[PDB]
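**Student:** Dropping in coords.pdb, which is PDB, C-alpha atoms:
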```
MODEL        1
ATOM      1  CA  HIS A   1     125.587  34.503 115.237
ATOM      2  CA  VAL A   2     128.285  32.373 116.870
ATOM      3  CA  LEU A   3     131.079  34.540 115.480
ATOM      4  CA  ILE A   4     128.801  37.558 115.970
ATOM      5  CA  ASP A   5     128.171  36.679 119.626
ATOM      6  CA  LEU A   6     131.866  36.148 120.361
ATOM      7  CA  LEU A   7     132.677  39.329 118.446
ATOM      8  CA  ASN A   8     130.190  41.454 120.389
ATOM      9  CA  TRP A   9     131.243  39.980 123.742
ATOM     10  CA  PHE A  10     134.915  40.708 123.053
ATOM     11  CA  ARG A  11     134.053  44.240 121.918
ATOM     12  CA  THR A  12     132.063  44.788 125.115
ATOM     13  CA  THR A  13     135.027  43.610 127.178
ATOM     14  CA  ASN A  14     137.342  45.908 125.208
ATOM     15  CA  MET A  15     135.491  49.151 125.698
ATOM     16  CA  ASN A  16     134.597  48.174 129.271
ATOM     17  CA  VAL A  17     138.348  47.982 129.925
ATOM     18  CA  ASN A  18     138.830  51.301 128.119
ATOM     19  CA  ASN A  19     136.055  52.911 130.181
ATOM     20  CA  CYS A  20     137.621  51.545 133.371
ATOM     21  CA  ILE A  21     140.960  53.093 132.371
ATOM     22  CA  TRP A  22     139.291  56.433 131.610
ATOM     23  CA  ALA A  23     137.405  56.306 134.921
ATOM     24  CA  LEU A  24     140.683  55.662 136.748
ATOM     25  CA  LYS A  25     142.275  58.651 135.010
ATOM     26  CA  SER A  26     139.281  60.859 135.849
ATOM     27  CA  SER A  27     139.322  59.699 139.476
ATOM     28  CA  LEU A  28     143.008  60.573 139.827
ATOM     29  CA  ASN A  29     142.462  63.953 138.154
ATOM     30  CA  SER A  30     139.587  64.729 140.532
ATOM     31  CA  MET A  31     141.346  63.444 143.663
ATOM     32  CA  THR A  32     144.649  65.239 142.982
ATOM     33  CA  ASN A  33     142.922  68.339 144.378
ATOM     34  CA  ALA A  34     142.315  66.553 147.692
ATOM     35  CA  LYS A  35     145.983  65.465 147.812
TER      36      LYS A  35
ATOM     37  CA  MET B   1     165.834  75.151 159.755
ATOM     38  CA  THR B   2     162.702  73.337 158.562
ATOM     39  CA  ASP B   3     159.960  72.523 161.056
ATOM     40  CA  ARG B   4     159.197  68.808 161.253
ATOM     41  CA  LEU B   5     155.476  69.449 160.704
ATOM     42  CA  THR B   6     156.251  71.000 157.318
ATOM     43  CA  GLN B   7     158.504  68.010 156.636
ATOM     44  CA  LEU B   8     155.601  65.718 157.561
ATOM     45  CA  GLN B   9     153.284  67.499 155.118
ATOM     46  CA  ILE B  10     155.948  67.301 152.398
ATOM     47  CA  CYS B  11     156.423  63.591 153.121
ATOM     48  CA  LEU B  12     152.701  62.819 152.931
ATOM     49  CA  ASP B  13     152.346  64.837 149.718
ATOM     50  CA  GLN B  14     155.304  62.964 148.214
ATOM     51  CA  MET B  15     153.737  59.669 149.319
ATOM     52  CA  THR B  16     150.443  60.568 147.628
ATOM     53  CA  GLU B  17     152.285  61.630 144.466
ATOM     54  CA  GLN B  18     154.281  58.385 144.502
ATOM     55  CA  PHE B  19     151.112  56.292 144.774
ATOM     56  CA  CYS B  20     149.538  58.280 141.935
ATOM     57  CA  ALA B  21     152.613  57.776 139.737
ATOM     58  CA  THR B  22     152.823  54.059 140.562
ATOM     59  CA  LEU B  23     149.168  53.427 139.738
ATOM     60  CA  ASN B  24     149.467  55.536 136.571
ATOM     61  CA  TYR B  25     152.431  53.393 135.503
ATOM     62  CA  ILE B  26     150.397  50.263 136.264
ATOM     63  CA  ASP B  27     147.408  51.535 134.266
ATOM     64  CA  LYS B  28     149.447  52.683 131.251
ATOM     65  CA  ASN B  29     151.862  49.721 131.263
ATOM     66  CA  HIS B  30     149.721  46.632 131.939
ATOM     67  CA  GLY B  31     149.594  44.264 128.977
ATOM     68  CA  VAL B  32     156.114  46.360 128.116
ATOM     69  CA  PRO B  33     158.151  43.188 128.688
ATOM     70  CA  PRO B  34     157.133  41.282 131.833
ATOM     71  CA  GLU B  35     160.677  41.256 133.249
ATOM     72  CA  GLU B  36     161.295  45.001 132.913
ATOM     73  CA  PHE B  37     157.783  45.722 134.198
ATOM     74  CA  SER B  38     158.341  43.462 137.218
ATOM     75  CA  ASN B  39     161.717  45.066 137.970
ATOM     76  CA  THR B  40     160.273  48.582 137.748
ATOM     77  CA  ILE B  41     157.373  47.595 140.002
ATOM     78  CA  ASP B  42     159.787  46.052 142.512
ATOM     79  CA  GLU B  43     161.652  49.372 142.542
ATOM     80  CA  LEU B  44     158.357  51.233 143.026
ATOM     81  CA  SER B  45     157.341  48.927 145.890
ATOM     82  CA  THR B  46     160.729  49.444 147.539
ATOM     83  CA  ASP B  47     160.068  53.175 147.183
ATOM     84  CA  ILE B  48     156.657  52.681 148.819
ATOM     85  CA  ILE B  49     158.216  50.794 151.735
ATOM     86  CA  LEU B  50     160.945  53.392 152.221
ATOM     87  CA  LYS B  51     158.447  56.276 152.107
ATOM     88  CA  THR B  52     156.384  54.421 154.700
TER      89      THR B  52
ATOM     90  CA  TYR C   1     148.598  61.192 173.125
ATOM     91  CA  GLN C   2     150.030  57.668 172.943
ATOM     92  CA  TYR C   3     146.502  56.498 172.122
ATOM     93  CA  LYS C   4     146.399  58.878 169.154
ATOM     94  CA  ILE C   5     149.886  57.758 168.080
ATOM     95  CA  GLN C   6     148.939  54.073 168.103
ATOM     96  CA  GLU C   7     145.615  54.864 166.405
ATOM     97  CA  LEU C   8     147.538  56.644 163.643
ATOM     98  CA  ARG C   9     149.952  53.723 163.273
ATOM     99  CA  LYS C  10     147.169  51.142 163.052
ATOM    100  CA  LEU C  11     145.273  53.414 160.642
ATOM    101  CA  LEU C  12     148.353  53.666 158.410
ATOM    102  CA  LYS C  13     148.792  49.883 158.477
ATOM    103  CA  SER C  14     145.108  49.393 157.640
ATOM    104  CA  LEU C  15     145.409  51.994 154.865
ATOM    105  CA  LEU C  16     148.303  50.071 153.310
ATOM    106  CA  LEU C  17     146.358  46.811 153.665
ATOM    107  CA  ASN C  18     143.268  48.351 152.052
ATOM    108  CA  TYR C  19     145.402  49.785 149.247
ATOM    109  CA  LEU C  20     146.721  46.273 148.593
ATOM    110  CA  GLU C  21     143.202  44.826 148.645
ATOM    111  CA  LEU C  22     141.900  47.581 146.340
ATOM    112  CA  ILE C  23     144.683  47.086 143.802
ATOM    113  CA  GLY C  24     143.894  43.366 143.944
ATOM    114  CA  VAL C  25     140.280  44.294 143.183
ATOM    115  CA  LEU C  26     141.512  46.301 140.193
ATOM    116  CA  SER C  27     143.518  43.222 139.193
ATOM    117  CA  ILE C  28     140.722  40.650 139.287
ATOM    118  CA  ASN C  29     137.330  42.442 139.255
ATOM    119  CA  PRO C  30     137.943  46.152 138.552
ATOM    120  CA  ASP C  31     134.290  46.743 137.589
ATOM    121  CA  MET C  32     133.388  47.280 141.269
ATOM    122  CA  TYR C  33     136.746  48.828 142.227
ATOM    123  CA  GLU C  34     135.205  52.173 143.213
ATOM    124  CA  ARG C  35     133.238  50.293 145.888
ATOM    125  CA  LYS C  36     136.465  50.270 147.910
ATOM    126  CA  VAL C  37     138.129  53.443 146.596
ATOM    127  CA  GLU C  38     136.052  55.986 148.514
ATOM    128  CA  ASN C  39     136.275  53.668 151.534
ATOM    129  CA  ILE C  40     140.055  54.077 151.547
ATOM    130  CA  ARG C  41     139.576  57.824 151.143
ATOM    131  CA  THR C  42     137.424  57.845 154.280
ATOM    132  CA  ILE C  43     140.382  56.467 156.236
ATOM    133  CA  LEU C  44     142.537  59.166 154.647
ATOM    134  CA  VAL C  45     139.825  61.660 155.594
ATOM    135  CA  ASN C  46     139.919  60.251 159.127
ATOM    136  CA  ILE C  47     143.673  60.883 159.083
ATOM    137  CA  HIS C  48     142.886  64.543 158.435
ATOM    138  CA  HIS C  49     140.540  64.456 161.425
ATOM    139  CA  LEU C  50     143.384  62.926 163.430
ATOM    140  CA  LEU C  51     145.457  65.956 162.437
ATOM    141  CA  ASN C  52     142.759  68.395 163.589
ATOM    142  CA  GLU C  53     143.002  67.432 167.260
ATOM    143  CA  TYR C  54     146.805  67.476 167.017
ATOM    144  CA  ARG C  55     146.755  71.106 165.836
TER     145      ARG C  55
ATOM    146  CA  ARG D   1     144.892  42.111 119.894
ATOM    147  CA  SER D   2     142.444  43.238 122.588
ATOM    148  CA  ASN D   3     142.259  39.700 123.994
ATOM    149  CA  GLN D   4     146.059  39.399 124.063
ATOM    150  CA  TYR D   5     146.259  42.772 125.816
ATOM    151  CA  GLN D   6     143.681  41.558 128.350
ATOM    152  CA  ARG D   7     145.602  38.339 129.024
ATOM    153  CA  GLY D   8     148.944  40.128 129.311
ATOM    154  CA  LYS D   9     147.553  42.742 131.682
ATOM    155  CA  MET D  10     145.894  40.004 133.758
ATOM    156  CA  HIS D  11     149.229  38.188 134.063
ATOM    157  CA  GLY D  12     150.977  41.450 134.919
ATOM    158  CA  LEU D  13     148.428  42.339 137.596
ATOM    159  CA  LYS D  14     148.627  38.816 139.027
ATOM    160  CA  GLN D  15     152.405  39.046 139.381
ATOM    161  CA  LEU D  16     152.037  42.576 140.791
ATOM    162  CA  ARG D  17     149.740  41.527 143.605
ATOM    163  CA  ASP D  18     151.659  38.298 144.253
ATOM    164  CA  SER D  19     154.901  40.243 144.736
ATOM    165  CA  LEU D  20     153.155  42.912 146.813
ATOM    166  CA  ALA D  21     151.566  40.283 149.068
ATOM    167  CA  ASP D  22     154.914  38.514 149.456
ATOM    168  CA  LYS D  23     156.750  41.690 150.456
ATOM    169  CA  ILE D  24     153.952  42.882 152.755
ATOM    170  CA  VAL D  25     154.197  39.516 154.508
ATOM    171  CA  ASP D  26     157.997  39.824 154.608
ATOM    172  CA  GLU D  27     158.433  43.285 156.142
ATOM    173  CA  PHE D  28     155.037  43.232 157.942
ATOM    174  CA  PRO D  29     154.437  39.733 159.360
ATOM    175  CA  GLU D  30     151.702  41.016 161.695
ATOM    176  CA  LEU D  31     149.570  41.875 158.639
ATOM    177  CA  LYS D  32     150.288  38.523 156.956
ATOM    178  CA  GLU D  33     146.979  36.932 157.973
ATOM    179  CA  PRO D  34     144.630  39.527 156.375
ATOM    180  CA  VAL D  35     146.738  39.631 153.194
ATOM    181  CA  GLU D  36     146.048  35.966 152.457
ATOM    182  CA  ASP D  37     142.390  36.666 153.214
ATOM    183  CA  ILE D  38     142.718  39.527 150.724
ATOM    184  CA  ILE D  39     143.712  36.883 148.178
ATOM    185  CA  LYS D  40     140.685  34.886 149.322
ATOM    186  CA  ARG D  41     138.698  38.102 148.905
ATOM    187  CA  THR D  42     140.079  38.531 145.368
ATOM    188  CA  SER D  43     140.722  34.993 144.094
TER     189      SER D  43
ENDMDL
END
```
What would you get if you wrote out this structure as structure tokens?

**Tutor:**
Amino acid sequence: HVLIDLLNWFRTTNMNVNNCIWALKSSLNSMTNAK
Amino acid sequence: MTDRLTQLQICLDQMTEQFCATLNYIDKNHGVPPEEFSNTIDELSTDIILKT
Amino acid sequence: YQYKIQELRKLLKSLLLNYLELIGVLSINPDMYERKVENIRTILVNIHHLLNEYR
Amino acid sequence: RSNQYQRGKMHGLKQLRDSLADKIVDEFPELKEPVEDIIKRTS
């Protein structure tokens, strides 16, 4: 579980970062209209 | 001649585009060598200051 | 009109300051970054209002 | 690889905001005081 817990936590961080990047891209795409 | 209000709109649009490009570069480049990244960001920040 | 000019200048300075603080938020704790993003937009939106009276 | 990417991007962002704070202090001394508070708001 030790390796499993570290593994799952690092995975969660990874796709949280990926989701943040995608949200940034979506926000810029949406807000380009208001530019 | 170009009216200065149209120039102001062009300037603000260019400023918005420059911020979008700078943040896109930051998002897609964070992680490129640190020295080249820092130099490019210094150039971008100088561009921000000049546009201001 | 000088009041509007100085309001616009201070709003631009505050917009730059808030952009710096928001990118710092993205740097350290991006999970709540949007909490400031729309805020900055409001100032930008206010700028548009500041254009409306100048028309 | 993901952890190394995270650490590298954290270092990059740290240097980004350090340089931006330094230059904002330089060309805009009147906004120097909030900028440090911004660091206090972030760090």

**Student:** With the file shown as input, list the residues that the PyMOL selection byres ((chain A) within 9 of (chain D)) selects, as a PDB file with C-alpha atoms, in the frame of the given file.

**Tutor:**
```
ATOM      1  CA  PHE A  10     134.915  40.708 123.053  1.00  0.00           C
ATOM      2  CA  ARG A  11     134.053  44.240 121.918  1.00  0.00           C
ATOM      3  CA  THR A  13     135.027  43.610 127.178  1.00  0.00           C
ATOM      4  CA  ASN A  14     137.342  45.908 125.208  1.00  0.00           C
ATOM      5  CA  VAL A  17     138.348  47.982 129.925  1.00  0.00           C
TER       6      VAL A  17
END
```

**Student:** Mind listing as a list in words which residues of chain B are within 12 Å of chain A, counting all atoms listed in the file?

**Tutor:**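 The complete set of qualifying residues is residues 9, 10, 11, 12, 13, 14, 15, 16, 17, 18, 19, 20, 21, 22, 23, 24, 25, 26, 27, 28, 29, 30 and 31 of chain B.
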
**Student:** With C-alpha atoms retained, write the just-selected residues as a compact mmCIF listing (two decimals), in the frame of the given file.

**Tutor:**
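The new file selection-v9.txt reads:
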```txt
# COMPACT_ATOMS: atom_id res chain seq x y z
CA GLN B 9 153.28 67.50 155.12
CA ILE B 10 155.95 67.30 152.40
CA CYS B 11 156.42 63.59 153.12
CA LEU B 12 152.70 62.82 152.93
CA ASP B 13 152.35 64.84 149.72
CA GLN B 14 155.30 62.96 148.21
CA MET B 15 153.74 59.67 149.32
CA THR B 16 150.44 60.57 147.63
CA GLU B 17 152.28 61.63 144.47
CA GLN B 18 154.28 58.38 144.50
CA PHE B 19 151.11 56.29 144.77
CA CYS B 20 149.54 58.28 141.94
CA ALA B 21 152.61 57.78 139.74
CA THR B 22 152.82 54.06 140.56
CA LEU B 23 149.17 53.43 139.74
CA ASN B 24 149.47 55.54 136.57
CA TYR B 25 152.43 53.39 135.50
CA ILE B 26 150.40 50.26 136.26
CA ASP B 27 147.41 51.54 134.27
CA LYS B 28 149.45 52.68 131.25
CA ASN B 29 151.86 49.72 131.26
CA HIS B 30 149.72 46.63 131.94
CA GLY B 31 149.59 44.26 128.98
```

**Student:** Measure the distance from atom CA of residue C:36 to atom CA of residue B:47 in Å and round it to one decimal.

**Tutor:**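 These atoms are spaced 23.8 Å apart.
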
**Student:** Go ahead and compute the interatomic distance for atom CA of residue D:35 and atom CA of residue D:4, in Å to one decimal.

**Tutor:**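 Atom CA of residue D:4 lies 29.1 Å from atom CA of residue D:35.
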
**Student:** At a cut-off of 12 Å, using only C-alpha atoms, what residues contact stretch 10-19 of chain D? Leave out same-chain residues fewer than 3 positions from it and give the result as a PDB file with C-alpha atoms, in the frame of the given file.

**Tutor:**
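Dumped everything to around23.pdb:
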```pdb
ATOM      1  CA  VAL A  17     138.348  47.982 129.925  1.00  0.00           C
TER       2      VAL A  17
ATOM      3  CA  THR B  22     152.823  54.059 140.562  1.00  0.00           C
ATOM      4  CA  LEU B  23     149.168  53.427 139.738  1.00  0.00           C
ATOM      5  CA  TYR B  25     152.431  53.393 135.503  1.00  0.00           C
ATOM      6  CA  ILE B  26     150.397  50.263 136.264  1.00  0.00           C
ATOM      7  CA  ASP B  27     147.408  51.535 134.266  1.00  0.00           C
ATOM      8  CA  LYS B  28     149.447  52.683 131.251  1.00  0.00           C
ATOM      9  CA  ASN B  29     151.862  49.721 131.263  1.00  0.00           C
ATOM     10  CA  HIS B  30     149.721  46.632 131.939  1.00  0.00           C
ATOM     11  CA  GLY B  31     149.594  44.264 128.977  1.00  0.00           C
ATOM     12  CA  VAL B  32     156.114  46.360 128.116  1.00  0.00           C
ATOM     13  CA  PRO B  33     158.151  43.188 128.688  1.00  0.00           C
ATOM     14  CA  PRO B  34     157.133  41.282 131.833  1.00  0.00           C
ATOM     15  CA  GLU B  35     160.677  41.256 133.249  1.00  0.00           C
ATOM     16  CA  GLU B  36     161.295  45.001 132.913  1.00  0.00           C
ATOM     17  CA  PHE B  37     157.783  45.722 134.198  1.00  0.00           C
ATOM     18  CA  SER B  38     158.341  43.462 137.218  1.00  0.00           C
ATOM     19  CA  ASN B  39     161.717  45.066 137.970  1.00  0.00           C
ATOM     20  CA  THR B  40     160.273  48.582 137.748  1.00  0.00           C
ATOM     21  CA  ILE B  41     157.373  47.595 140.002  1.00  0.00           C
ATOM     22  CA  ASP B  42     159.787  46.052 142.512  1.00  0.00           C
ATOM     23  CA  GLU B  43     161.652  49.372 142.542  1.00  0.00           C
ATOM     24  CA  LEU B  44     158.357  51.233 143.026  1.00  0.00           C
ATOM     25  CA  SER B  45     157.341  48.927 145.890  1.00  0.00           C
ATOM     26  CA  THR B  46     160.729  49.444 147.539  1.00  0.00           C
TER      27      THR B  46
ATOM     28  CA  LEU C  17     146.358  46.811 153.665  1.00  0.00           C
ATOM     29  CA  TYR C  19     145.402  49.785 149.247  1.00  0.00           C
ATOM     30  CA  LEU C  20     146.721  46.273 148.593  1.00  0.00           C
ATOM     31  CA  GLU C  21     143.202  44.826 148.645  1.00  0.00           C
ATOM     32  CA  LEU C  22     141.900  47.581 146.340  1.00  0.00           C
ATOM     33  CA  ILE C  23     144.683  47.086 143.802  1.00  0.00           C
ATOM     34  CA  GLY C  24     143.894  43.366 143.944  1.00  0.00           C
ATOM     35  CA  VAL C  25     140.280  44.294 143.183  1.00  0.00           C
ATOM     36  CA  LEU C  26     141.512  46.301 140.193  1.00  0.00           C
ATOM     37  CA  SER C  27     143.518  43.222 139.193  1.00  0.00           C
ATOM     38  CA  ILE C  28     140.722  40.650 139.287  1.00  0.00           C
ATOM     39  CA  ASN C  29     137.330  42.442 139.255  1.00  0.00           C
ATOM     40  CA  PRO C  30     137.943  46.152 138.552  1.00  0.00           C
TER      41      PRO C  30
ATOM     42  CA  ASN D   3     142.259  39.700 123.994  1.00  0.00           C
ATOM     43  CA  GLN D   4     146.059  39.399 124.063  1.00  0.00           C
ATOM     44  CA  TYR D   5     146.259  42.772 125.816  1.00  0.00           C
ATOM     45  CA  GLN D   6     143.681  41.558 128.350  1.00  0.00           C
ATOM     46  CA  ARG D   7     145.602  38.339 129.024  1.00  0.00           C
ATOM     47  CA  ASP D  22     154.914  38.514 149.456  1.00  0.00           C
ATOM     48  CA  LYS D  23     156.750  41.690 150.456  1.00  0.00           C
ATOM     49  CA  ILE D  24     153.952  42.882 152.755  1.00  0.00           C
ATOM     50  CA  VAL D  25     154.197  39.516 154.508  1.00  0.00           C
ATOM     51  CA  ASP D  26     157.997  39.824 154.608  1.00  0.00           C
ATOM     52  CA  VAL D  35     146.738  39.631 153.194  1.00  0.00           C
ATOM     53  CA  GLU D  36     146.048  35.966 152.457  1.00  0.00           C
ATOM     54  CA  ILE D  38     142.718  39.527 150.724  1.00  0.00           C
ATOM     55  CA  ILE D  39     143.712  36.883 148.178  1.00  0.00           C
ATOM     56  CA  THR D  42     140.079  38.531 145.368  1.00  0.00           C
ATOM     57  CA  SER D  43     140.722  34.993 144.094  1.00  0.00           C
TER      58      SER D  43
END
```

**Student:** Could you rebuild stretch 9-35 of chain B with N, CA and C atoms and give me the result as a tab-separated table (two decimals), keeping the file's coordinate frame?

**Tutor:**
```
chain	number	residue	atom	x	y	z
B	9	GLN	N	154.18	67.20	156.23
B	9	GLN	CA	153.28	67.50	155.12
B	9	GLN	C	153.95	67.21	153.78
B	10	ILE	N	155.22	67.59	153.63
B	10	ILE	CA	155.95	67.30	152.40
B	10	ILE	C	156.04	65.80	152.18
B	11	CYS	N	156.31	65.04	153.24
B	11	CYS	CA	156.42	63.59	153.12
B	11	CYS	C	155.10	62.96	152.71
B	12	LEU	N	153.99	63.40	153.30
B	12	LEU	CA	152.70	62.82	152.93
B	12	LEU	C	152.31	63.21	151.51
B	13	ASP	N	152.62	64.44	151.09
B	13	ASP	CA	152.35	64.84	149.72
B	13	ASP	C	153.18	64.02	148.74
B	14	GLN	N	154.45	63.79	149.07
B	14	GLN	CA	155.30	62.96	148.21
B	14	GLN	C	154.81	61.52	148.17
B	15	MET	N	154.31	61.01	149.29
B	15	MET	CA	153.74	59.67	149.32
B	15	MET	C	152.51	59.57	148.42
B	16	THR	N	151.62	60.57	148.49
B	16	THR	CA	150.44	60.57	147.63
B	16	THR	C	150.84	60.65	146.16
B	17	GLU	N	151.81	61.52	145.84
B	17	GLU	CA	152.28	61.63	144.47
B	17	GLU	C	152.92	60.33	143.99
B	18	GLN	N	153.66	59.65	144.87
B	18	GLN	CA	154.28	58.38	144.50
B	18	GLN	C	153.23	57.31	144.23
B	19	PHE	N	152.19	57.24	145.06
B	19	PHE	CA	151.11	56.29	144.77
B	19	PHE	C	150.42	56.62	143.46
B	20	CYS	N	150.17	57.90	143.20
B	20	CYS	CA	149.54	58.28	141.94
B	20	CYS	C	150.40	57.88	140.75
B	21	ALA	N	151.71	58.14	140.83
B	21	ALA	CA	152.61	57.78	139.74
B	21	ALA	C	152.69	56.27	139.56
B	22	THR	N	152.75	55.51	140.66
B	22	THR	CA	152.82	54.06	140.56
B	22	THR	C	151.57	53.48	139.92
B	23	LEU	N	150.39	53.95	140.33
B	23	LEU	CA	149.17	53.43	139.74
B	23	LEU	C	149.01	53.89	138.29
B	24	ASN	N	149.48	55.09	137.96
B	24	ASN	CA	149.47	55.54	136.57
B	24	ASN	C	150.36	54.66	135.71
B	25	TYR	N	151.55	54.32	136.21
B	25	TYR	CA	152.43	53.39	135.50
B	25	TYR	C	151.77	52.03	135.32
B	26	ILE	N	151.09	51.54	136.36
B	26	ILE	CA	150.40	50.26	136.26
B	26	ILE	C	149.31	50.33	135.20
B	27	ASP	N	148.53	51.42	135.19
B	27	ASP	CA	147.41	51.54	134.27
B	27	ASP	C	147.88	51.68	132.82
B	28	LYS	N	148.96	52.43	132.60
B	28	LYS	CA	149.45	52.68	131.25
B	28	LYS	C	150.47	51.66	130.78
B	29	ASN	N	150.85	50.70	131.63
B	29	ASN	CA	151.86	49.72	131.26
B	29	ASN	C	151.38	48.28	131.30
B	30	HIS	N	150.21	48.00	131.88
B	30	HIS	CA	149.72	46.63	131.94
B	30	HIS	C	149.42	46.12	130.54
B	31	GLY	N	149.81	44.88	130.28
B	31	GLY	CA	149.59	44.26	128.98
B	31	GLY	C	150.67	43.26	128.60
B	32	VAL	N	154.78	46.45	127.54
B	32	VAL	CA	156.11	46.36	128.12
B	32	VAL	C	156.45	44.91	128.44
B	33	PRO	N	157.73	44.55	128.35
B	33	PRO	CA	158.15	43.19	128.69
B	33	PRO	C	157.85	42.87	130.14
B	34	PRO	N	157.45	41.63	130.44
B	34	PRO	CA	157.13	41.28	131.83
B	34	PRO	C	158.30	41.45	132.79
B	35	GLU	N	159.53	41.18	132.35
B	35	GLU	CA	160.68	41.26	133.25
B	35	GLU	C	160.99	42.70	133.62
```
